[PDB]
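Visitor: This one's experimental. Sequence and coordinates below.
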Amino acid sequence: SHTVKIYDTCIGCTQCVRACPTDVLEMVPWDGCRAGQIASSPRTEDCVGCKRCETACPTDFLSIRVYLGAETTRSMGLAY
Amino acid sequence: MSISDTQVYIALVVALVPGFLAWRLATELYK
Amino acid sequence: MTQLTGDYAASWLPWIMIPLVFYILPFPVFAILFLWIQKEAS
Amino acid sequence: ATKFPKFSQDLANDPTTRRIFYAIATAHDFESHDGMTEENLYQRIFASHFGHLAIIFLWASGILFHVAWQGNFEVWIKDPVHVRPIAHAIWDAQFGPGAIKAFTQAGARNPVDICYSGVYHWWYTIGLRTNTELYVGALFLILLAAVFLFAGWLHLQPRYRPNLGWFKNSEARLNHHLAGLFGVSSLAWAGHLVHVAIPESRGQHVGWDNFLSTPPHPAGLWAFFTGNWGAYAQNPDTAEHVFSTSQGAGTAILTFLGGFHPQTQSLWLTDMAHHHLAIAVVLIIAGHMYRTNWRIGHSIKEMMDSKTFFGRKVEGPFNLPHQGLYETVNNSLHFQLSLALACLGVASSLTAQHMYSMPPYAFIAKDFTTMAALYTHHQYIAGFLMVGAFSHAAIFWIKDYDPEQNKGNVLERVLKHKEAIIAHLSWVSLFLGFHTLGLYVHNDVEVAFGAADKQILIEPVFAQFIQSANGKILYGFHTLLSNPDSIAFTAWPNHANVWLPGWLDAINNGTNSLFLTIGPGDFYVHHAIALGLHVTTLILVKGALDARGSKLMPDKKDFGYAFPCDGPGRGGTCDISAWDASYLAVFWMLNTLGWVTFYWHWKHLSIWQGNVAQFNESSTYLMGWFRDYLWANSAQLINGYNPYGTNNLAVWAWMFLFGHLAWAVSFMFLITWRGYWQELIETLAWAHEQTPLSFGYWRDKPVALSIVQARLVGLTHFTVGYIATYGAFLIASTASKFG
Amino acid sequence: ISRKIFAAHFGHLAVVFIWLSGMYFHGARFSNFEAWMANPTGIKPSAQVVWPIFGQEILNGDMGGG
Amino acid sequence: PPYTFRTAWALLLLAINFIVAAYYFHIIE
Amino acid sequence: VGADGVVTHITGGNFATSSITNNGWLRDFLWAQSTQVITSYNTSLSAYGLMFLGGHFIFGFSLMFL
Amino acid sequence: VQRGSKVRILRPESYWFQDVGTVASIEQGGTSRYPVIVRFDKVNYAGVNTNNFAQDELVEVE
Amino acid sequence: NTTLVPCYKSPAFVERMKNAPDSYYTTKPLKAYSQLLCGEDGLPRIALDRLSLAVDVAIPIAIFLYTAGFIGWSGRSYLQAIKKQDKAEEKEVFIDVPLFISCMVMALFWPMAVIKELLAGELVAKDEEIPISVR
Amino acid sequence: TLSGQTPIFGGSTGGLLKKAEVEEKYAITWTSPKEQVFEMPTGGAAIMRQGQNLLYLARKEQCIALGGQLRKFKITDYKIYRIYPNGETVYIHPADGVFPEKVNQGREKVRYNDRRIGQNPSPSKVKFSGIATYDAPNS
Ligand code: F6C
Ligand code: CLA
Ligand code: CLA
Ligand code: CLA
Ligand code: CLA
Ligand code: CLA
Ligand SMILES: CC1=C(/C=C/C(C)=C/C=C/C(C)=C\C=C/C=C(C)/C=C/C=C(C)/C=C/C2=C(C)CCCC2(C)C)C(C)(C)CCC1
Ligand code: SF4
C-alpha cells in the first residue's frame, strides 16, 4: 500500500509504465501534453516500491513519486 | 556497622510502593 | 574463598534472586510479553 | 491486524517481523502516532517525564542502597586513600575458585566490585558518614520516586490533566525554572553545605535531630540581616586542617580563599557554599525577568517583533530579523529539545573539563581510575547530546518549520546561504586534516628514519599564553596574573583579589591537573580534536540544512526524517536522508571522543606514573600513540586471565574482548546490506516449510530487517563495542598500575 | 571477442617477463647473491638496495659480509 | 552600500583581539 | 637446536595452551609477536613499522566507503 | 521567449535553477501547460539535459 | 615564551650532536638547527615570539601562499579560458598545454591580478547566477 | 475461469509455498504457436506447449517478469489471473484487455496531483491532521 502520485509535468513519454514490474501504472488520455497521455496508478496496492518507475521518468525532478507507506504482504513481495 | 538484616526487607516492601505506582502510570499511559 | 557468600545482611537473598530475575522469571516474562505483542485486534 | 502496536494502525497490520521492531523505535515519537492532537501530545510528554524522573531516583536509590548494604563506606571513610570503594557484591553462580579469590578484594569477605563512580567521594564531601545515613537516603529516594510516579499518573486524570495553554506558557516556566528550579535548589544546596557538609567536615555531627539547635555560625541569623556580612568569613580553615576533624578547623562558613584544600586536594567546602549562594541570588534575580500575569516583566514575543532601538529603525534584536521566532520556538518541540540537548552537551563537557582540573570531592584526585572514568563518561555523554542537539535540528526543519511565519527572519536567512556554511565547514575540515595528519605522519617518517630532531614541533604558544594569563609562571610570558605588577594581578582601585593568593598557589603547584603543562604534543591533538569537532559538525549541519532537500532530491520534507533512499535512480541516493547524517555523525562523534579521551588518558597516565617525559617526547608522532599508549598499557589488561591464573581484571579483560566482538558484529550490519539477507532468509523460509517434524510456523513472515534499521542496529553495536572496549581498557589500564 | 582475449594474454605474458627480468637483474647487480652463495647461513639474502635520500638509507640494514 | 553595522562589530572584535595580542607580545601591561 | 638435541621453539609451545582462547590469540599472538614491528623505529626494520601503521590507516579509511 | 534564445530558469525544484539554457522549441497548441523545451549544457543527474517549462518561470538573458 | 632557548645553549641538543653519524644527513642539516628555538628536550621547535621570528614565520607562508595561488590562479584562468571557447567539455579531458602554459605565465603576477579581478567586480559570481537547491 | 496445459517442467524449489493456497496465488495463461523453451521465473527452464499454456506463480511480479519474457517470443496474448484460496479467479492483467502502455478511453486519472511536485505543502501545514503533504487538496 504505497502511494504512486503522478504530477502534471508528465510528457506522456510512456516510459514509467514499461519499467513497472507489477503493472501498477497505465496510461489514460489527457490534454496537457503533445502525447495527450498521462500516467495513472490504479493498482497501487500492487506497488512493490522498487521506484523503477522513477528511474525512467525523464522530466527533470520527475513527475511520478513512489511514497513508501504502509507495507503489506504484497507490497513487500513475499512468496511465503 | 553495615545495615541490619531487617533493614533490607524494609527496603524491599518500601520499594514495592513505587513498583505498583509504576503500574499505575504505565497502564494509565495506555500501553 | 571457594564459594559465593555474603558478609552483608540477608545474604541468602542474592542466592535466590539472581536465579529469579535472570533465568527463572524472564522466560515467563518473555512469554507474557510475547502474548501482548501478538494478539488479534478483533 | 494485531493489537500491538496500538499507537500506529498501519504498523499493526504489518504481516512481517518489522512491526515488532518498528513499534519499539516509534513508540516514543508521540507526534506521529495515529489520532494524536497537540493537546494530547504535551500531556503525554509531561506525564512521561514523571516516569523518567522516577527512574533517575530509583537508579540513585540503587547506588545508595548497594553501598549501604554491600559497600564498605564505613571502612572506606576512615582512610579514603588506601582502601577501594565497593560498588556492590558479585553473585555469579558460575565462578570458579580462581574468580572468587580474585574478586574478593578491597577488604571484603566476598566477591565485590570496586566502585569507579566516585559516589564515595561525593558522599564523603557532602556530609555522609554512616551506612544508616546512606540507607535512609536510599529509602527517601524510593519514596521520592513514588511521588513522581503518582504525580505522573495524577496528571493524566481528566480533572488534573493540564491544558495546552499551560504548556505553551513559556514566560511562566522560565520564571519558575530560573528562580525556583535552579535558584532555590542551589540556595537550598548552599543550605546543606552551610548546615551539614561544612560542619561535618570539621568534626561536629549535624543531623536531622541536631541541626535545629546548633547554629552553623556563632553570629547566626543576625550578621546577615544587619548587613555585617563579613562576619561569615572571619577565620577560615587553616592549611593544616585535616578533613572531617576539629583540628585546624575554622568557623567561617562563606569564605572565598580559592584554590584547593591542602589535605584533600579539592575545593574548599566553604568556598562551595559561598558559590551556590552567589549562584542562587543571581538565578533568583534572573527569574524575575519575564512577565507572567503582573504586567511588570518582559514578553518574549514582543522582544522578537521589536524594531525600534531608542527610536532608531532597526530590523530586530541585534539588528537581525527575529520576527515570528517566538511562535516558531514555542510551537516546535524539537526546536526546544535541540536547544536543551545542546545546552546539556555543553554542561556535560564542562562537567568533565572542570572536575578533573578542579576536583570538587575529597580525595578524588588521588583515585585515578575514578577520576579517569568520570571524565570519559561525561565527555561521551556530552558527545551524544551534541549529536542529538543536531538530530532534532533536522527534525525541526522537516516537520515543524514553515516559510510563511518565518518569512524574512533570522532562521530563513540561514537557509538562503546553507551552502556557504557547509562549504566552509568543508574547508576547515579539509584544512585541519591535511595539516594534522600530514604533520603527524611527517613526524612518524622522521622518527622512523631516526631523525627525530627533524620533526615539525609547533609549540602551542597561544594556550601557553592563556596559562600565563591565568597564573602559570612556568613558561615566562610574564603578563597578566603572571606579572605581579599588572593592573589585573593587583586590581588597583580596590585590591579585592581575595581569591588570588589561593588560586595562584594551586595553578603554580605542579601536583594537580589544574592547567596542565602544555607542549608540542598537546598542540597536535587539539587540532585532531578541532578537526573532529568540525567534521562531525559538518555532517550534522549538512544533515540539518539539507533536511528540507537539495538538488539530489528536493522533496526530502515529504519523505520524513528516517527513510532509506530514493532508489538507485539519479546515480543512487544511499544515505540521503537527514537521519543518515545523524547516523554518519555518530561515527565521527565516537571517533572524536576517542581522541579526546585517548589524549586525556595518556596525558594523565604519564603524570600519574611519573613518566611525563614519555608523553612529551612521543605524542608528536603516531607510533608513540600506538606503542606507548595502546600497546604499552594493554599488557596488564590482556593478562587479566592467562593460562596460569586469573586476577581482578579478568572481567575487564573479558569485556575488552566482548567489545571487540560487539564492534566487529557492527560491521556486518554496516557493510553487508539488506537484499543479501532477504535472499538468504527466503531460502531458510523454504527450508522450514519443507522439513518434517518442524511444527512451528511464523505468525509474521521473517524478513531481513530494513535499511534504516540495520544502520541503527549496526550503529548500536559500533557504539557498544566502542564503549565496552575503551571502558575496559581505561579501567584496567589505570586500576592495575595503581590502586 | 576471442581475438582480444588471445592478444591480451600476450601483453600479459610480456608484463610477467618484464617482472621476471627485474628479479634476475636485481639479483645480478643489486644483491649480495655472490656472498650468499658462499655462506648461505650467516649471510642474509638481500636485493633491492635503497638510494641515499630522505634519510631512508637506514633501510639498508646490515646483511652480513658488509 | 558602505557596511556600517557589520563593520564596527567586526572591527570591534579585532580590537579585542588586538588587545589580547598586546599582552601576548608583551606590549602593554 | 643446541648441543644436546632439544629444540627451543620461537614462542615455545605457546600454541597448544593459549591458542584455544581468543584472548590468547590477542595477547600471545597479536600483542606479543608485534613487538618487532612496534619497536622497529630507528632500526633497519623501520619501513615495516610504517607499513604496519599504513595498513591501519587504509583499513580505517575503507570504512568511509563501506 | 522564442526559439534560440538563452533563458534562465525560475523553477526551484529543477536541477537547473538559476542556470541558463537554450530554448529548443516552442509548442504552438497553447494547451500543454509546459510549452517551452529548453536544452542545457549540463546533464542533471544520470540523465537528461532537456526539460519542459512554462512561460512564467523563464526569464531571458539575451 | 622563555622556556625555549636556542640550540646554541641547550644541554639536551649538544648530546644530539655528539652521537650523530654523518652520511649526508645529521651534520649539514643539524648545524642549521642550532639557530632554532630549542626546547628542554633537544628538539627544534616553531615558536611565535615577536619580530625576532616575524620574518621566519613569513618566509614559508609567503612562499606557500604565492605558489598555492599560482596553482589556483593558473588552474582557474585556464577554466574560463575554455568556457569562453565553448569547447570546455573536451578541453578538460585533453589538456591544451599551450593554452595552459600561457595561463601559467598569467599566474606569476597573480596577487595583483586578483585585486583587479575584485576591483572590477569580476572575480566572484553574483548570487542569482549560481545554480542552487530549493531553499 | 482458467485452464490450459502446464509446460514441461521437472518441478522446482522456487515455486509455490504455503502462501499460495492460504493468502492467494497467480496464474499466467498464454497461447504459443511453437513448442520452444522459456526461462522459469522461479529458476530453471520449461518447455511451453502448443496450445493454451497455464502456469501458477506465487506473486504478480513473477507473472509480469514471465510476461515480459513472452514478448521476446513474440507472444502478447497472455492473461494474468489472481486465485483467491476460496477459489474464484479474478482477471487483473491486462485489466481492460489492452496492454497498459496503450491508452484507452474510459480510464481515469487516479492519484493525480494537479500541481507541480515542487509546491507540495510543508509538513507543518498538515501537522496533527490525517492527511499527508502529498495528498494535500490545495492545488
Ligand atoms: C518453533 C519454531 C521453530 C522451529 C520448529 O518448529 C524451527 C526449526 C528449524 C529446523 C527445521 C531447521 C534446523 C534446526 C537446526 O538445525 O538448528 C536449530 C535452530 C533453531 C532455531 C532451533 C529452535 C527450535 C525451537 C524454536 C525450540 C523452541 C525454543 C523454546 C521453546 C524457547 C523458549 C520459550 C520461552 C518463552 C523463551 C531450522 C533452521 C533455522 N532457524 Mg529455525 N525453527 C524455529 C524458529 C526460529 C526462530 C524464531 C529463528 C530466529 C532466530 C530461527 C532461525 C533459523 C535459522 C538461521 C536456521 C537454520 O540455519 C536452520 C535451517 O534452515 O535448516 C536447514 N528459527 N529451524
Ligand atoms: C518553582 C516552581 C517549579 C519547580 C521547582 C519546577 C520543577 C520542575 N519542572 Mg516545572 N513548571 C512550573 C514551575 C516549576 N517547575 C510552572 C509554573 C510551569 C507552567 C509553565 C511549569 C511547567 C513544566 C513542564 C511542561 C515541565 C516541567 C518540568 C519540571 C521538572 C524539570 C525536570 C527535572 O527535574 O530535571 C532536573 C532538575 C534540575 C534542577 C537539573 C539541574 C541541572 C541543570 C541541567 C544544570 C543547571 C546549571 C545552571 C543552569 C548553570 C548556569 C547558572 C548561571 C548562574 C551560570 C522539575 C522537577 C518537566 C517535567 O514535567 O518533569 C516531570 C516538564 O516537562 N515544568
Ligand atoms: C567510554 C566512555 C564511558 C566511561 C568511561 C563511562 C563510565 C562510567 N559510567 Mg557511563 N555511559 C557512557 C559512556 C561511559 N561511561 C555512554 C556513552 C552512556 C549512554 C548510554 C553511558 C551511560 C551510563 C549510565 C546509565 C551509567 C553510567 C555509569 C558510569 C560509571 C560507573 C560504571 C563503571 O564503573 O565504569 C565501567 C565502564 C563502562 C564502559 C560501563 C558504563 C556503563 C554502561 C555504559 C551502561 C549502559 C546503559 C545501558 C543502556 C543500560 C543497560 C541495559 C539494562 C536493561 C541491563 C562510570 C564512571 C553509571 C553511573 O552513573 O554511576 C553510578 C550509570 O548508572 N553510564
Ligand atoms: C535501578 C537501581 C538498581 C540497580 C541497577 C540494581 C541492581 C542490582 N541489584 Mg538491586 N535494588 C534496588 C535498586 C537497584 N538494584 C532498590 C531500590 C532495592 C531495595 C528494594 C534493591 C534491592 C536488591 C536486592 C535484595 C538484591 C538486589 C540485587 C541487585 C543486583 C542483581 C540484579 C537483581 O537481582 O536485582 C533485583 C531487583 C530488585 C530487588 C528490585 C530493584 C528494582 C528497582 C527498585 C527499580 C529498578 C527498575 C528500573 C528503575 C526501571 C528500568 C527498567 C528498564 C527501563 C531498563 C544488581 C547489581 C541482588 C544482589 O544483591 O546482587 C548480588 C539482590 O538480591 N537489589
Ligand atoms: C532528552 C533527550 C531526547 C528525547 C526526549 C528524544 C526524543 C525523541 N527522539 Mg532523539 N536523540 C537524542 C535525545 C533525545 N531524543 C540524542 C542524545 C541523540 C543522539 C544519539 C538522538 C537522536 C535521534 C534520532 C536519529 C532520532 C531520534 C528520534 C526521537 C523521537 C522518537 C523516539 C524514538 O525513537 O522511539 C524510541 C527509541 C528507542 C526505543 C531506542 C531504541 C534502542 C536504542 C538504540 C538504545 C539501545 C541501547 C542498547 C540496548 C544498550 C546495550 C545494552 C548492553 C548490551 C550494554 C523522540 C521524540 C527519532 C525521530 O526524530 O523521529 C522522527 C529519530 O529518528 N533521536
Ligand atoms: C565478529 C563479528 C561477527 C559475528 C559474530 C558474525 C556472525 C555471523 N555471520 Mg557475519 N560478518 C561480519 C562479522 C560477524 N559475523 C562482518 C564484519 C561482515 C562483513 C563482510 C560479515 C558478513 C557476513 C555474511 C555475508 C554472512 C555472515 C554470516 C554470519 C552468521 C554465520 C552463522 C554462524 O556462524 O553461526 C554461529 C554464530 C556465531 C558465531 C555468533 C556468535 C555466537 C556466540 C558465541 C554464542 C552466543 C551465546 C548465546 C546465544 C548468547 C545469547 C544470550 C542471550 C542473553 C541473548 C553468524 C551469526 C553468514 C550467515 O548468515 O550464515 C547463514 C552470512 O552469509 N556474515
Ligand atoms: C598571519 C598569522 C596568522 C593568522 C592568520 C589569520 C588569523 C588569518 C586570517 C584571515 C582571513 C580573515 C581570511 C580570509 C578570507 C576571506 C575570504 C572571502 C577569502 C578568500 C579567498 C579567495 C577569494 C580566494 C581566491 C583565490 C585565490 C587567492 C587564488 C586561487 C583561486 C582562488 C579563487 C581560490 C597565523 C597565527 C595563522 C600564523 C602567523 C601569523
Ligand atoms: S510519469 Fe514520467 S515516465 Fe510516466 S508519462 Fe509522465 S514523464 Fe513519462
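Guide: Now that the structure is in, tell me what you want to look at. Residues are numbered from 1 along each chain as shown, chains lettered A, B, ... in the order given. Ligands and ions are numbered 1, 2, ... in the order given.
Visitor: need the residues of chain F near chain I, please.
Guide: Taking Cβ under 8 Å from any Cβ of the partner chain as the criterion, chain F approaches chain I at residues F:25, F:26. Where C-beta positions appear, they are placed from N, C-alpha and C, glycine not excepted.
Visitor: so who does the residue in chain F that chain D sits nearest to touch?
Guide: Proximity of chain F to chain D (Cβ to the nearest Cβ) peaks at residue F:23, 4.7 Å away. Contact partners of residue F:23, counting by Cβ atoms under 8 Å, 6 or more residues apart in numbering or on different chains, are D:465, D:469, D:479, D:480, F:29.
Visitor: Go ahead and build a PyMOL selection from the buried members of those.
Guide: Selection of buried members from those for PyMOL, criterion 16 or more other Cβ atoms under 10 Å in any protein chain shown:
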select buried, chain D and resi 465+469+479+480
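Visitor: quick check, nearest of the contacts of residue F:23 to ligand 6?
Guide: Sorting the contacts of residue F:23 by how near they are to ligand 6, with Cβ to the nearest ligand atom, puts residue D:465 at the top with 47.3 Å.
Visitor: My reading is that the closest one is in a helix; is that accurate?
Guide: Yes: under DSSP: H, G, I helix; E, B strand; the rest coil, residue D:465 sits within a helix.
Visitor: From chain B, how far out is the nearest residue to it once chain neighbours are set aside?
Guide: In space, and not counting its chain neighbours, residue D:465 is closest to residue F:24: 5.2 Å by Cβ to Cβ, 6 or more residues apart in numbering or on different chains. Note on residue F:24: its distance to chain B, by Cβ to the nearest Cβ, to the nearest Å, is 58 Å.
Visitor: what about the residue of chain F closest to chain D, helix or strand, and which?
Guide: Assigned by DSSP states H and E, residue F:23 falls within helix F:10-24.
Visitor: Are that helix and ligand 7 in contact anywhere?
Guide: No: among the residues of helix F:10-24, none lie within reach of ligand 7 under Cβ under 6 Å from any ligand atom; the closest is 8.7 Å away.
Visitor: Give me the neighbour count for residue J:121.
Guide: For residue J:121, the tally of surrounding residues (other Cβ atoms under 10 Å in any protein chain shown) stands at 20.
Visitor: Go ahead and confirm it touches residue J:137.
Guide: No: here residue J:121 does not reach residue J:137: they are 9.9 Å apart, not a contact under Cβ atoms under 8 Å.
Visitor: Helix, strand or coil: sort out residue D:57 for me.
Guide: With three-state DSSP as the basis, residue D:57 sits in helix.
Visitor: Go ahead and confirm it touches residue D:148.
Guide: Yes: here residue D:57 reaches residue D:148: they are 6.9 Å apart, a contact under Cβ under 8 Å.
Visitor: who's in contact with the residue in chain B that ligand 2 sits nearest to?
Guide: Nearest residue of chain B to ligand 2: residue B:25, at 11.6 Å (Cβ to the nearest ligand atom). The contact partners of residue B:25, taken as Cβ under 8 Å, 6+ apart, are D:47, D:50, D:51, D:149, D:150, D:152, D:153, D:156.
Visitor: The helix or strand harbouring residue D:52: which residues count as buried?
Guide: Assigned by DSSP H and E, residue D:52 belongs to helix D:38-69. The neighbour-count check on helix D:38-69 (16+ other Cβ under 10 Å) flags D:41-44, D:46-48, D:50-51, D:53-54, D:57-58, D:60-61, D:63-69 as buried.
Visitor: same check, this time on stretch D:424-433
Guide: Using 16+ other Cβ under 10 Å as the test for burial, stretch D:424-433 gives D:425, D:428, D:429, D:432, D:433.
Visitor: Contacts for that stretch next, please.
Guide: Contacts of stretch D:424-433 (Cβ under 8 Å, 6+ apart): D:527, D:530, D:531, D:534, D:535, D:537, D:538, D:541, D:542.
Visitor: With just CA atoms, put that stretch into PDB.
Guide: C-alpha atoms of stretch D:424-433 as PDB (Å, rounded to 0.1, in the frame of the first residue of the first chain):
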ATOM      1  CA  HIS D 424      33.200  26.400   4.900                       C
ATOM      2  CA  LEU D 425      32.900  23.600   7.300                       C
ATOM      3  CA  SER D 426      34.200  21.600   4.300                       C
ATOM      4  CA  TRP D 427      37.200  23.900   4.000                       C
ATOM      5  CA  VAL D 428      38.100  23.900   7.700                       C
ATOM      6  CA  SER D 429      37.800  20.100   7.900                       C
ATOM      7  CA  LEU D 430      40.000  19.700   4.800                       C
ATOM      8  CA  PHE D 431      42.500  22.200   6.100                       C
ATOM      9  CA  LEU D 432      42.700  20.700   9.600                       C
ATOM     10  CA  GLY D 433      43.100  17.100   8.400                       C
END
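Visitor: Okay, helices next: where are they in chain G?
Guide: G:14-18, G:24-25, G:32-33, G:35-38, G:46-65 (DSSP state H).
Visitor: so which of these is the most packed in?
Guide: Highest mean neighbour count among those (mean count of other Cβ atoms under 10 Å in any protein chain shown): helix G:24-25, with a mean of 18.
Visitor: is it anywhere near ligand 6?
Guide: No: against ligand 6, helix G:24-25 shows no contacts by Cβ under 6 Å from any ligand atom, the least distance being 13.2 Å.
Visitor: contacting residues around that helix?
Guide: Outside helix G:24-25, the residues that touch it by Cβ under 8 Å, 6+ apart are D:642, D:643, G:17, G:18, G:19.
Visitor: what sits against residue D:536?
Guide: Residues near residue D:536 by Cβ under 8 Å, 6+ apart: D:386, D:387, D:585, D:588, D:589, D:592.
Visitor: if we take those, which one ends up nearest to ligand 7?
Guide: Among those, and counting by Cβ to the nearest ligand atom, the member closest to ligand 7 is residue D:592, at 22.7 Å.
Visitor: The longest strand along chain H pairs with which strands, parallel or anti?
Guide: What stands out as the longest strand in chain H, according to DSSP state E, is strand H:20-25. Applying DSSP bridges to the sheet, strand H:20-25 is found paired with strand H:6-9 (antiparallel), strand H:36-39 (antiparallel).
Visitor: number of nearby residues for residue D:243?
Guide: 20.
Visitor: what residue of chain H is the furthest out?
Guide: Largest separation from the mean C-alpha position in chain H: residue H:46, at 18.5 Å (Cα atoms, centre = their mean).
Visitor: I figured it hits residue D:569, correct?
Guide: Yes: counting by Cβ under 8 Å, residue D:569 is a contact partner of residue H:46 at 7.0 Å.
Visitor: before we move on, which element is residue D:705 in?
Guide: Counting by DSSP H and E, residue D:705 is found in no helix or strand.
Visitor: Now for it: which residues touch it?
Guide: Neighbouring residues of residue D:705 by Cβ under 8 Å, 6+ apart: D:17, D:18, D:21, D:674, D:677, D:713.
Visitor: in the stretch 1-150 of chain D, which spans are helices?
Guide: For the stretch 1-150 of chain D, the helices defined by DSSP state H, counting those that start in this stretch occupy D:9-12, D:18-26, D:38-69, D:73-76, D:97-103, D:119-126, D:131-154.
Visitor: how much does the longest one deviate in direction from helix D:131-154?
Guide: Looking back up the chat, that one is helix D:38-69. Between helix D:38-69 and helix D:131-154, the angle comes out at 160 degrees (axes from the mean of the first three to the mean of the last three Cα atoms, to 10 degrees).
Visitor: Please see if helix D:38-69 touches ligand 3.
Guide: Yes: using Cβ under 6 Å from any ligand atom, helix D:38-69 reaches ligand 3 at D:59, D:63.
Visitor: Same check on stretch D:645-654?
Guide: No: for stretch D:645-654, no contact with ligand 3 is found by Cβ under 6 Å from any ligand atom; the gap never falls below 8.7 Å.
Visitor: before we move on, back to that, chain center to the helix holding residue F:23: distance?
Guide: Mean-position distance between helix F:10-24 and its chain equals 4 Å (Cα atoms, centre = their mean, to the nearest Å).
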